[PDB]
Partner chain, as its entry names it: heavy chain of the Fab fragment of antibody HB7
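Single chain ahead, written as structure tokens, the form deposited without the partner chain.
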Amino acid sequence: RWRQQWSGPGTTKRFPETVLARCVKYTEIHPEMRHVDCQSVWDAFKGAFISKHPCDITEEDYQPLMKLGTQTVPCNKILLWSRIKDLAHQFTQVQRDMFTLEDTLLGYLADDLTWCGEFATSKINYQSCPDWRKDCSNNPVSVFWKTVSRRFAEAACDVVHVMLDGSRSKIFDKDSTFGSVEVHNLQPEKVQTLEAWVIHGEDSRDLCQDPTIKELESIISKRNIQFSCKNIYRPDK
């Protein structure tokens, strides 16, 4: 390998223009967030990773951006999800009431983008960016999602819902973002119940009996939060 050769795709083409345009469009769907200066938002985003080594990013790097993208969503209307992105977002696009992280400004900005800096320059690396597994874990994208997913989980309250893919071999994966960051940052003072919606892909079983679901229950119970689980048998309906 050569210096700064990473295994992952490079920064999304036209990433600066895309983030700015997404901030502009979000400010229009959500009159609550028109107080946001989108050029300031982008500057803070760029400042989090530019000129920094893309294997050495910190949560504090994103703190200016978290401040400018601070957004109050009803803490009792949070939808977490794991490995069922399409249905989770179609669900909140109908409800319009419930919020996934991608329905917040910061999640919307970053959704499906990749980015990283060419260290020791002020330039964006369009050639490759670190892969979390093969290259390094503290890369600009992974650190961003770890930090905003933790803050999203920390803000939830009352009954927190999580949509899970029942057609998977690991319905609950302790190593996912949900299993490794979000579930452990639910605050028992604010959160009374974690309710899992296990979406079936035809499986007549009670997937709340699945061993990974029982594993999730044990994690939740040890945090002094109650657990609830429901089968959703016909995702269509």
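Positions refer to the first chain, counted from 1.
Unshown form deposited with the partner chain bound; subsequent notes refer to it.
| Candidate site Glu217, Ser221 and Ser228: all three near the partner chain in the deposited complex by heavy atom within 4.5 Å | Yes, the whole trio is in contact, each within 4.5 Å by some heavy atom.
| query | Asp206: heavy atom within 4.5 Å of the partner chain in the deposited complex? | reply | It does: once the partner chain is placed as it appears in the deposited complex, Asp206 has a heavy atom within 4.5 Å of it.
| field | Residue contact check: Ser180 to the partner chain in the deposited complex, 4.5 Å heavy atom | value | Taking the distances in the deposited complex, the answer for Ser180 is no, it never comes within 4.5 Å of the partner chain.
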